[PDB]
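J.: enclosed are the sequence and the experimentally obtained structure.
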Amino acid sequence: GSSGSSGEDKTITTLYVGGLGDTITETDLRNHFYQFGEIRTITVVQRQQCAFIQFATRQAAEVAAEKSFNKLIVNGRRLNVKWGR
């Protein structure tokens, strides 16, 4: 089965995404996440090869979250996703 963990994400709709690299861009994410649901905003920090995906409704956030938790592999490049603030 699963180990089972409880992070510190109660009503957080933002999701952090690292390991972007020049290879990966914003659009690639906007679409990869957009599928889950509306996207409030997307702040891609090149200096930190990361990006923050915000959702209007936690609903899409949660879904993408788990489906992103070290599971979101775009452009044959795994990405470390973690709940934001």
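T.: The structure has been received and is ready for your questions. Numbering: from 1, shown residues only.
J.: and the helix or strand hosting residue 28, what other elements does it pack with?
T.: Residue 28 is part of helix 26-34 when elements are defined by DSSP states H and E. Where contact means 3 or more C-beta pairs under 8 Å, 6 or more residues apart in numbering; DSSP states H and E, helix 26-34 is packed against strand 39-45, strand 50-55, strand 73-74. Yep, even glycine has a C-beta here, placed from its N, CA and C like the rest.
J.: make it 7 Å
T.: Packing contacts for helix 26-34, counted by 3 or more C-beta pairs under 7 Å, 6 or more residues apart in numbering; DSSP states H and E, involve strand 39-45, strand 50-55.
J.: residue 9: which of those strands is closest?
T.: strand 50-55 (12.3 Å; C-beta to C-beta).
J.: buried residues of the helix or strand that the closest one is followed by, list them for me.
T.: Scanning forward in sequence from strand 50-55 by DSSP H and E, the next helix or strand is helix 58-66. By neighbour count with 16 or more other C-beta atoms under 10 Å, helix 58-66 contains the buried residues 58, 60-62, 64-65.
J.: what of stretch 19-28?
T.: 19-20, 24.
J.: perfect, that will be all.
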